[PDB]
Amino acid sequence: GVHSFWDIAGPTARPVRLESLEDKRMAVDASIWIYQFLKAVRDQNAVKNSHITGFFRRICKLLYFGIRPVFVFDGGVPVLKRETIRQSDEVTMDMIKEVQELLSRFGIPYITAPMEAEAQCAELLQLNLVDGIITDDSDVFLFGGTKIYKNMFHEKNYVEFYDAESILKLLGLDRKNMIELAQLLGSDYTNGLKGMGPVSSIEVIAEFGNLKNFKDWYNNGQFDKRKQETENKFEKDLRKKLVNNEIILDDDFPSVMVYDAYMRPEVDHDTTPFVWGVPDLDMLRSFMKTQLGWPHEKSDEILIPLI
């Protein structure tokens, strides 16, 4: 995601009762689930099979509210994202195969994005293969995503609904703005600028319109001492802070590389509608028995009301 972006976007959120989600097709961004379950479920070191337990719980929550989910997994890691993150617990191919086997037995379709899952999710919604995106990753907006359902897996009666239109109307931010805002705040595709947090990054986009103007202002004022004498409080304070943080803004700011990565992510344009099956009780018993030692009786009480 973009650092601090959820705080910025938060006040545009609207609460949606889960029951309204019945029969809705939702793209589910599952890209980091296995890793998170690994880190978050431990003992008195990581619990074995937390990926099975974790997926099972959430799949159940989705089906309980009659959501039709399509799961999305990461393909590869884009170069810009490697380079950025290039500045104990591992996700094995088995873990992935297992949760995928689990989804198939639930009758739930899944895909592996060519690259980032959030990017693929936005694509699914653009092609009308889904009606909404379930994700907690704020990168999704920069990839074109709207109709975002955040906090699906907190224990709450509701979920937070975000859309690009509300962001545009309430914060003045369009997609290009959010992409430029990322280069102040930081994201997986850029380190942003040291000293620029949610308050001043928003002020910069609002006062300067775009990073080109912001940079020209910065560079021009550094050159011409007379231009500085006319500067207001916002500019004067901002200038000092940037120089103190050793900020240099050159030819590669804003980044065309960063702009491309968000505007043209590698995605699958396939328009085949997803197929939702039914949970297979017999195969789900044997799966939970094999993997967790759940007696069929135990799977039954949970699964039978869901079918």
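Residue positions are given as counts along the sequence shown, with the first one as 1.
Engineer: May I ask whether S50 is missing from the deposited models in at least a third of the other compared entries?
Structural biologist: Per the records, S50 is modelled in all the other entries.
Engineer: Is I59 without coordinates in at least a third of the other compared PDB entries of this protein that model the residues flanking it?
Structural biologist: Result for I59: never missing in the compared entries.
Engineer: Deposited residues absent from the coordinates between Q44 and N45, none, 1 to 3, 4 to 9, or 10 or more?
Structural biologist: The entry has a short gap there, with 1 to 3 residues left out between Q44 and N45.
Engineer: I'd like to know the size of any gap between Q87 and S88, counted in deposited residues with no coordinates: none, 1 to 3, 4 to 9, or 10 or more.
Structural biologist: Missing residues, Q87 to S88: 10 or more.
Engineer: Mean C-alpha B factor from the entry: is it higher for 170-178 or for 72-80?
Structural biologist: The stretch with the larger mean CA B-factor is 72-80.
Engineer: 227-235 versus 186-194: which one carries the higher mean Cα B factor per the record?
Structural biologist: Comparing averages over the C-alpha atoms only gives 227-235.
Engineer: Please pick out which of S200, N128, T135, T112 has the largest Cα B-factor as recorded in the entry.
Structural biologist: Among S200, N128, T135, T112, the PDB entry lists the largest C-alpha B-factor for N128.
Engineer: Which one of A206, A119, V159, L103 shows the top CA temperature factor in the record?
Structural biologist: Spelled out: the listed residue with the top C-alpha B-factor is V159.
Engineer: Mind checking which third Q291 falls in for C-alpha B-factor across the chain?
Structural biologist: Middle third, going by the recorded CA B-factors of the chain.
Engineer: Going by the entry, which third of its chain does the Cα temperature factor of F274 land in?
Structural biologist: According to the entry, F274 has a C-alpha B-factor in the chain's highest third.
Engineer: Taking the chain's C-alpha temperature factors as the reference, tell me which third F55 falls into: lowest, middle or highest.
Structural biologist: Lowest third - that is where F55 ends up once the chain's C-alpha B-factors are sorted.
Engineer: Among the chain's modelled residues, which third holds the C-alpha B-factor of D282?
Structural biologist: For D282, whose C-alpha B-factor we compare with every modelled residue in the chain, the answer is the middle third.
Engineer: Ranked by Cα temperature factor within the chain, is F143 in the lowest third, the middle third or the highest third?
Structural biologist: Ranked within chain, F143 CA B lands in the middle tercile.
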